[PDB]
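Inspection log for the structure reproduced underneath, given as structure tokens.
Cβ coordinates were reconstructed from backbone atoms using ideal geometry, including for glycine residues, and neighbour counts include every protein chain displayed. Taken together, the values in this text are just the output of simple stated rules run on the coordinates, not laboratory data.
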Protein chains: 2
Amino acid sequence: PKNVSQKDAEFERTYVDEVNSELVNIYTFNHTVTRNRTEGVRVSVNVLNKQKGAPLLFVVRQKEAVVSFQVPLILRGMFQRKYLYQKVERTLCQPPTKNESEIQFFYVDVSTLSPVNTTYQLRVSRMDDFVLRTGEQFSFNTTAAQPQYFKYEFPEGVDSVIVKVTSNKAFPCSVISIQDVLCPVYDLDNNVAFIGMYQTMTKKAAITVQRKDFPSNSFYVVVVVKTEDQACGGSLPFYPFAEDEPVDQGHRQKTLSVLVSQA
Amino acid sequence: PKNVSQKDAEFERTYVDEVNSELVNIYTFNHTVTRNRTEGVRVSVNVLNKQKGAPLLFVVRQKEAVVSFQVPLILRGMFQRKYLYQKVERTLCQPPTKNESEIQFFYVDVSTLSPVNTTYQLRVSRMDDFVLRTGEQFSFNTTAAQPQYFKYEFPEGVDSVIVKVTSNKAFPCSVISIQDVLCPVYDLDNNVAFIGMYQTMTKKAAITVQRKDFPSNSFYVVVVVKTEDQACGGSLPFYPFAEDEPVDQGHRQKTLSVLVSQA
Ligand SMILES: *[C@@H]1O[C@H](CO)[C@@H](O[C@@H]2O[C@H](CO)[C@@H](O)[C@H](O)[C@H]2NC(C)=O)[C@H](O)[C@H]1NC(C)=O
Ligand SMILES: *[C@@H]1O[C@H](CO)[C@@H](O[C@@H]2O[C@H](CO)[C@@H](O)[C@H](O)[C@H]2NC(C)=O)[C@H](O)[C@H]1NC(C)=O
Ligand SMILES: *[C@@H]1O[C@H](CO)[C@@H](O[C@@H]2O[C@H](CO)[C@@H](O)[C@H](O)[C@H]2NC(C)=O)[C@H](O)[C@H]1NC(C)=O
Ligand SMILES: *[C@@H]1O[C@H](CO)[C@@H](O[C@@H]2O[C@H](CO)[C@@H](O)[C@H](O)[C@H]2NC(C)=O)[C@H](O)[C@H]1NC(C)=O
Ligand SMILES: *[C@@H]1O[C@H](CO)[C@@H](O)[C@H](O)[C@H]1NC(C)=O
Ligand SMILES: *[C@@H]1O[C@H](CO)[C@@H](O)[C@H](O)[C@H]1NC(C)=O
Ligand SMILES: *[C@@H]1O[C@H](CO)[C@@H](O)[C@H](O)[C@H]1NC(C)=O
Ligand SMILES: *[C@@H]1O[C@H](CO)[C@@H](O)[C@H](O)[C@H]1NC(C)=O
Ligand SMILES: *[C@@H]1O[C@H](CO)[C@@H](O)[C@H](O)[C@H]1NC(C)=O
Ligand SMILES: *[C@@H]1O[C@H](CO)[C@@H](O)[C@H](O)[C@H]1NC(C)=O
Ligand SMILES: *[C@@H]1O[C@H](CO)[C@@H](O)[C@H](O)[C@H]1NC(C)=O
Ligand SMILES: *[C@@H]1O[C@H](CO)[C@@H](O)[C@H](O)[C@H]1NC(C)=O
């Protein structure tokens, strides 16, 4: 039958491994959390082989929710366009814990059904600046297939805050959303407009957050980068009308500086 | 390590199996398709044990896309409400094939991390009436966690069609969308308003579809059932304000009759 291999891998290490229609890989990750100090976990993977038919299939499994994606991931534009991305990065949703110190386990499983080998490099990073401190600026890089989000913990005596996010290069377009702390977090392109307050931005954005709307005394600031700059007001490129041929967008990235300040 | 079991199960059979934090089950399904005759596949599963902490995790894997969900699935309402559902049913997205006759494989994997056993019944049904014939009425049942969709093949000489969907009982509310034929199909509640033309309905809806907007000469009619009837105009129930306690909605269902007619 199918050959499944397992490993108890660790954080902060890039594993380069092969896979095919026969091999399925499993990685187990242990993680330590405390109620007072909460910190996020980022799963980032890249593929160094160009395949168009059968992509790699990745699943990240937790105690509560399951996330999954295929890579090279294909996004959508306007007129039936296809953009191909090789590196995908996503931050997991961790529910608030009950006990003071509970060790949390999560799994990453890799598979595919293409008949030929394919190499991927996978790593998990314990994100140090998951929390946003008041009056401090944080600069970070986001692409269309690397959504990010940070947790703001409302402090005592603060009735409302204002989240200000700025960029120097106007393009690409992006969407900045404020959401409650409850799994799951809609950081994908298609579901970023379901709940929360969201603004489309190209260079600057500012959203006012109030505590009465968030009974859990915290929220998530989610940043997503779009593929086509039509919404932000740009001119769409005149790429050939390839209905079933995906074209790469090259190196499209956005550097964003975020600061949460008391109102 | 983790114990993984595998089985080459068949269509039209309900398998009742146990699982825990140690067991992971794999089912392989073979499926036969032809270019002229395309027909959908439905994966339907139920859980007969009541668990609130650690749910069952299900993944359905294809050659192209991967879908995943946790059950009993928790949906969202308006004021931080939680609705729990035990049975989940979903139809897979099958891309149009190239060769005249190609056998397609797809896998269903089941796991969980709860320390106690849990029993699930899983079945796969080859949906006979995946296609919609012109001038014919089809009646079907949908719930909030059982989205459906049917493929309409535009015939020769038809410039445009009109899709008319009706119901007798006004509630629950539902969303009816028309989308192009391209994996994936957004049949979930959070992404049903990304692409395509969609109408919210309670008793009747009608959408006009044109061929010039669909170069592939086919489309998908997707039906989704909401949880709260506020959008359709109903009065929300005065359930207790349970922020972290999910309440079941009972037996909420909608019977819908759909007909696609030439304009
Ligand atoms: C989390 O899991 C990792 C993976 O096994 C543990 O890392 C091992 O720790 C032992 C104990 O010192 C070492 O002997 C091994 O060499 C480590 N493995 C590797 C690959 O370096 C880690 O200890 C676990 N965390 C905790 C808190 O126990
Ligand atoms: C965001 O991306 C930019 C561009 O890739 C990074 O700027 C580069 O940083 C490296 C490492 O310091 C330098 O070697 C390059 O010369 C820089 N290039 C440019 C054009 O500035 C930037 O460091 C990234 N930001 C973060 C936080 O990683
Ligand atoms: C698809 O897979 C099923 C699962 O094995 C196959 O069903 C078996 O078919 C053989 C051949 O007649 C029988 O001897 C077994 O008893 C069947 N098992 C079950 C569980 O049904 C099926 O044949 C496969 N399809 C094709 C076209 O080969
Ligand atoms: C949709 O659901 C209704 C209600 O469950 C089904 O109606 C039942 O059908 C069964 C089987 O024929 C009967 O034994 C029940 O008496 C019916 N109950 C009612 C209230 O009508 C209906 O058959 C379902 N539709 C489909 C296509 O499965
Ligand atoms: C199955 O695959 C695993 C993973 O590479 C390997 O360690 C094992 O030897 C394989 N078993 C057989 C019988 O080939
Ligand atoms: C966490 O913080 C609270 C108050 O901020 C404190 O009472 C508690 O002791 C802290 N937890 C630990 C493990 O120190
Ligand atoms: C906290 O830990 C104790 C023992 O370590 C356990 O009995 C209890 O169930 C834990 N709390 C939760 C909410 O799981
Ligand atoms: C994948 O690579 C290994 C080692 O390079 C090789 O033994 C194996 O045959 C390759 N897979 C296939 C399907 O050829
Ligand atoms: C591992 O689990 C499988 C699935 O139930 C079982 O068949 C097998 O005997 C188990 N192996 C051991 C060593 O317990
Ligand atoms: C499929 O239909 C086309 C025209 O409708 C026909 O030419 C072709 O022979 C059909 N395929 C098979 C396998 O009969
Ligand atoms: C169709 O089948 C033949 C052999 O049966 C194979 O060589 C060919 O690659 C198949 N077509 C596609 C598009 O894969
Ligand atoms: C699950 O059920 C089987 C048979 O009923 C039993 O042997 C096993 O111990 C159960 N699992 C646990 C964790 O007790």
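Check the straight Cα-Cα distances from B:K2 and name the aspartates and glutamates below 16 Å, setting aside those fewer than 8 residues away within the same chain.
A:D8, A:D109, B:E18, B:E22, B:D109
Using θ = phi - 60° and the Karplus curve 6.51 cos²θ - 1.76 cosθ + 1.60, what whole-Hz ³J(HN,Hα) does each residue of the range A:190-203 get, with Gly and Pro shown as x?
7, 10, 6, 10, 8, 10, x, 9, 10, 10, 8, 9, 10, 10
Taking the Cβ of A:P1 as the center, what net charge do the other residues with Cβ under 10 Å away carry, scoring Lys and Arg +1 and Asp and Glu -1? Present the calculation step by step, with values, prior to reporting the outcome.
Values: positive: A:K2, B:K7; negative: A:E22, B:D8.
Neighbour charge sum, excluding A:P1 itself: 0.
Among B:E156, A:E153, what is the fewest-to-most ranking by other Cβ atoms within 10 Å? Don't jump to the answer; show the numbers that get you there.
On the way: B:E156 5, A:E153 16.
Listing B:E156, A:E153 from fewest to most nearby Cβ atoms yields B:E156, A:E153.
If you filter the range B:159-263 for chymotrypsin sites (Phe, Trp or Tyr not before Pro), then keep DSSP loop positions with at most 14 other Cβ within 10 Å, what is left? Intermediate values should be presented prior to the final figure.
On the way: sites: B:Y186, B:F194, B:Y198, B:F219, B:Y220, B:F238, B:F241; in loops: B:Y186, B:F194, B:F238, B:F241.
Of the chymotrypsin sites (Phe, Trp or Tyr not before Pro), the ones in loops of the range B:159-263 whose Cβ has at most 14 other Cβ atoms within 10 Å are B:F238, B:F241.
What is the distance, in nm, between label points placed 7 Å from the Cα along the Cα-to-Cβ direction at A:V247 and at B:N49?
About 5.3 nm, to one decimal.
Separation of the range B:10-82 and the range B:245-263 by C-alpha centroid, Å?
20
Scan the range B:27-123 for GluC sites (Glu not before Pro) in coil per DSSP, keeping those whose Cβ has at most 16 other Cβ atoms within 10 Å, and list them by number. Intermediate values should be presented prior to the final figure.
Working: sites: B:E39, B:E64, B:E89, B:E100, B:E102; in loops: B:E39, B:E64, B:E100.
Within the range B:27-123, the qualifying GluC sites (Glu not before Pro) (loop, at most 16 other Cβ atoms within 10 Å) are B:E39, B:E100.
Fewest first, what order do A:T118, B:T119 take by the number of other Cβ atoms within 10 Å? Show your work: numbers first, answer last.
Details: A:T118 22, B:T119 13.
Placing the least packed residue first, the sequence is B:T119, A:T118.
If you rank A:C232, B:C93 by fewest surrounding Cβ atoms within 10 Å, what's the result? Don't skip to the end; give the middle numbers.
Values: A:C232 17, B:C93 20.
The order, fewest Cβ neighbours first, is A:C232, B:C93.
Which chymotrypsin sites (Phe, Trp or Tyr not before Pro) in the range B:52-151 pass both tests, a DSSP loop state and at most 16 other beta-carbon atoms within 10 Å? Each step should come with its number before you reach the end.
Details: sites: B:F58, B:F69, B:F79, B:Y83, B:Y85, B:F105, B:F106, B:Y107, B:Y120, B:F130, B:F138, B:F140, B:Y149, B:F150; in loops: B:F79, B:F130.
Those that pass, being in a loop and sparsely packed, are B:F79.
Please give the net charge around B:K164, taking every other residue with its beta carbon less than 15 angstrom from that of B:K164, where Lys and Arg add +1 and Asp and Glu add -1. Numbers along the way, then the final one.
Values: positive: B:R133, B:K203, B:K204; negative: B:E136.
Counting the neighbours of B:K164, the net charge comes to +2.
How much net charge surrounds A:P147 when only other residues with a Cβ under 13 Å from its Cβ are counted (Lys, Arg +1; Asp, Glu -1)? All intermediate terms of the calculation are to be shown ahead of the outcome.
Numbers: positive: A:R42, A:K87, A:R90, A:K226, A:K254; negative: A:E89, A:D187, A:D189.
Local net charge: +2.
Distances from B:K169 to the same position in the other copies: list them in nm, one decimal, shortest first, using label points 7 Å from Cα along Cα→Cβ.
List, nearest first: 5.5 nm.
When the chain is fully extended, how far beyond the present Cα-Cα distance does A:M197 get from A:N168, taking 0.36 nm per residue of separation? Please report the intermediate quantities before stating the final value.
Details: separation 29, 0.36 × 29 = 10.44 nm, distance 2.32 nm.
My answer for the length gained is 8.1 nm.
Using the structure shown, select from B:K50/B:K87; B:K7/B:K63; B:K52/B:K169; B:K63/B:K226 the pairs with a Cα to Cα distance greater than 20 angstrom.
Numbers: B:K50/B:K87 12 Å; B:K7/B:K63 18 Å; B:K52/B:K169 32 Å; B:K63/B:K226 30 Å.
Beyond 20 Å between Cα atoms: B:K52/B:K169; B:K63/B:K226.
Please work out the Cα convex hull volume for the range B:33-147 and give it in Å³ per residue. Could the numbers behind the result be given before it?
Numbers: hull volume 16.2 nm³, N = 115.
Residue-normalised Cα hull volume stands at 141 Å³.
Could you tell me what a quarter of the Cα convex hull surface of the range B:82-219 works out to, in nm² with one decimal place?
Working: hull surface 45.4 nm².
Spelled out: convex hull of the Cα atoms, projected over all directions, averaged, 11.4 nm².
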